[PDB]
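[1] Sequence first, structure after, both from an experimental entry:
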Amino acid sequence: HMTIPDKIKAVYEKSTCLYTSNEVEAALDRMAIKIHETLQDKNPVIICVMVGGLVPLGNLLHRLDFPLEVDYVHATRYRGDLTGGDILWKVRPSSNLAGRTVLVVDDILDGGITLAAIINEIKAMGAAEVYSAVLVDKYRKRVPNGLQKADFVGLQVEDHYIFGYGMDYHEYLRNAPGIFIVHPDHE
Amino acid sequence: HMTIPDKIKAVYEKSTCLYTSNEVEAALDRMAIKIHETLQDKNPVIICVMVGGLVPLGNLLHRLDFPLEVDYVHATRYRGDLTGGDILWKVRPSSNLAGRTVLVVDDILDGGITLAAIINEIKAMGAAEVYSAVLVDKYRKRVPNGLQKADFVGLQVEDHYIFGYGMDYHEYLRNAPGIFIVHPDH
Ligand SMILES: Nc1nc2c(ncn2[C@@H]2O[C@H](COP(=O)(O)O)[C@@H](O)[C@H]2O)c(=O)[nH]1
Ligand SMILES: Nc1nc2c(ncn2[C@@H]2O[C@H](COP(=O)(O)O)[C@@H](O)[C@H]2O)c(=O)[nH]1
């Protein structure tokens, strides 16, 4: 009977397009300019926040024209975890970050807890400066211990269930060419 | 003293453009079409070989039009390690891969030992099928131990020391918009 790949095609067919890939590229361009002005002379280590950060960072990187390094980090947060302690670390920041300017790049700012915990841990390693870049910002959705606002924001959105351009629908659909809203039948 | 940044800026100024960003886009386009025809129904897990595969994969992903999943892996190898016997794993393949069609994505196929070791460890996790994609193939440079041919290749190149589009020069220049060759004097 019915498969997961079958449901995924269906989810995609029922979805509503919120941003075309061209609009995302535009947002990525806007961010690049802002990142340039701030970080061009900082010799930053740009940290990809796995796995949501992958396609945004990939597309963003070649728009960045100043010396930089790349690294990555991976952390997961439980549903009911509001402190930031009790977040599972898959890939930790390194001591190499000590005395370095760091830019953290993720797909979405929601509650803000994952990214705050990640930033704290990067700081705990001795990073001179820490910035944050986010493709989408769910501006109406912070919680007290969350990273309140990000330094660089591609797009501002309402609380939709969204996917595409690195954002998953249950691990699928990171490859969808834009930002899509999940039909209420599929949320 | 001379900063690492200053040296990097200089290394980029003397560099020679092998391929433009536009050329790289077109390469990625070719790969996407071939990947579609091979894997459109396999429900693959596409696996990013860190950190070289990040920008190639990131750019590639939205070109792929079929159901898929994403994961990453990280293995490094000593140049003197002529077998895969002493590759040091940063991030290992998961058990979740058991019974799955897997695509491995990397920046460059050089000798092939690092790639073949990654494929083998993936196979050992019980993977059903493993395919390999690479942005650039140094076709002349293969060793007997390494992975001989890649299933998908973006571009074939001579043995230049190269960077850009995810490929580094001592961790730098992964952001260079295209593929570039270091000046002989570097
Ligand atoms: N795919 C998807 N993921 C989301 C959405 N909202 C939040 N997330 C997930 O939650 C993470 C951020 O969580 P926070 O710690 O900000 O509450 C993101 O990196 C992302 O994985 C959404 O609408 N779609
Ligand atoms: N930046 C850069 N990396 C290279 C080059 N040649 C080989 N490498 C690195 O070595 C890996 C290939 O190793 P092999 O498969 O030959 O053991 C690639 O994934 C890449 O990270 C090059 O010209 N430039």
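    Received the coordinates, thanks. Numbers count the residues shown, from 1 in each chain, chains lettered A, B, ... in the order given. Ligands and ions are numbered 1, 2, ... in the order given.

[2] going forward, measure contacts and count neighbours with C-alpha atoms only.
    OK.

[3] so what does the longest helix seen in chain A touch, helix or strand wise?
    As assigned by DSSP state H, the longest helix anywhere in chain A is helix A:21-39. Here helix A:21-39 touches helix A:54-61, strand A:152-157, strand A:178-181, going by 3 or more CA pairs under 8 Å, 6 or more residues apart in numbering or on different chains; DSSP states H and E.

[4] got the residues of chain A near chain B?
    A:5, A:8-9, A:43, A:51, A:54-59, A:61-65, A:67-71, A:165, A:171-177 (CA under 8 Å from any CA of the partner chain).

[5] So what sits opposite the nearest residue to residue A:50 once chain neighbours are set aside in the bridge?
    Using CA to CA, 6 or more residues apart in numbering or on different chains and skipping residues adjacent in sequence, the residue nearest residue A:50 is residue A:74, 4.9 Å away. When assigned by DSSP bridges, residue A:74 has beta-bridge partners residue A:50, residue A:91.

[6] What are the boundaries of the helices in chain A?
    A:4-14, A:21-39, A:54-61, A:113-124.

[7] For residue A:150, the count of nearby residues, please.
    16 (other CA atoms under 10 Å in any protein chain shown).

[8] Show the contacting residues for the nearest residue to residue A:24 once chain neighbours are set aside.
    Ranked by CA to CA, 6+ apart and with sequence neighbours excluded, the top spatial neighbour of residue A:24 is residue A:178, at 6.7 Å. Residue A:178 sits next to A:17-21, A:24, A:164-165 when contact means CA atoms under 8 Å, 6 or more residues apart in numbering or on different chains.

[9] circling back to that earlier point, can you tell me which of the residues of chain A next to chain B are buried?
    By neighbour count, with 16 or more other CA atoms under 10 Å in any protein chain shown, the residues of chain A next to chain B hold A:5, A:8, A:43, A:51, A:54-59, A:61-65, A:67-71, A:165, A:171-177 as buried.

[10] what does the longest helix of chain A contact?
    So helix A:21-39 is contacted by A:56, A:59-60, A:63-66, A:135, A:152-155, A:177-179 (CA under 8 Å, 6+ apart).

[11] do that again at 7 Å, thanks
    Residues outside helix A:21-39 that contact it (CA atoms under 7 Å, 6 or more residues apart in numbering or on different chains): A:60, A:63-64, A:152-155, A:177-178.

[12] residues near residue A:53, how many?
    27.

[13] So it sits against residue A:105, correct?
    Yes. Using CA atoms under 7 Å, residue A:53 makes contact with residue A:105 at a distance of 5.9 Å.

[14] Next up, the contacts around the residue lying closest to residue A:116 once chain neighbours are set aside.
    Of all residues not flanking residue A:116 in the chain, residue A:147 sits nearest, at 4.9 Å (CA to CA, 6+ apart). Contact partners of residue A:147, counting by CA under 7 Å, 6+ apart, are A:112-113, A:115-116.

[15] just to revisit the earlier point, including distance to residue A:29, could the helices and strands packed on helix A:21-39 go into CSV?
    CSV is the format used below for the helices and strands packed on helix A:21-39 (distance: least, CA to CA, whole Å):
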stretch, distance to residue A:29
helix A:54-61, 8
strand A:152-157, 9
strand A:178-181, 15
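
[16] can you tell which of these is closest to ligand 2?
    Of all the helices and strands packed on helix A:21-39, it is helix A:54-61 that lies closest to ligand 2, at 15.3 Å by CA to the nearest ligand atom.

[17] what's the angle from that closest one to strand B:45-49?
    50 degrees (axes from the mean of the first three to the mean of the last three CA atoms, to 10 degrees).

[18] For residue A:105, name its beta-bridge partners.
    In this entry, residue A:105 is beta-bridged to residue A:48, residue A:133, by DSSP bridges.

[19] any idea how far it is from residue A:143?
    Residue A:105 sits 20 Å away from residue A:143, going by CA to CA, to the nearest Å.

[20] Comparing these two, which residue is more hemmed in?
    residue A:105 (26 against 13).

[21] wouldn't the more buried one be in contact with residue A:51 here?
    No. Contact criterion CA under 7 Å: residue A:105 and residue A:51 do not qualify, at 10.6 Å.

[22] Now for residue A:180, how many residues are close by?
    The number of residues packed near residue A:180 is 23, by other CA under 10 Å.

[23] quick one on the thing from earlier: and the residue nearest to residue A:50, how far is that from ligand 2?
    20 Å (CA to the nearest ligand atom, to the nearest Å).

[24] Provide the count of other residues in contact range of that residue.
    Residue A:74 has 18 neighbouring residues, counting by other CA under 10 Å.

[25] what's the answer for the one 10 residues further on, then?
    Other residues near residue A:84 number 19, with proximity taken as other CA under 10 Å.

[26] That one against residue A:115, yeah?
    No. In this structure, residue A:84 is not within contact of residue A:115 by CA under 7 Å, at 9.3 Å.
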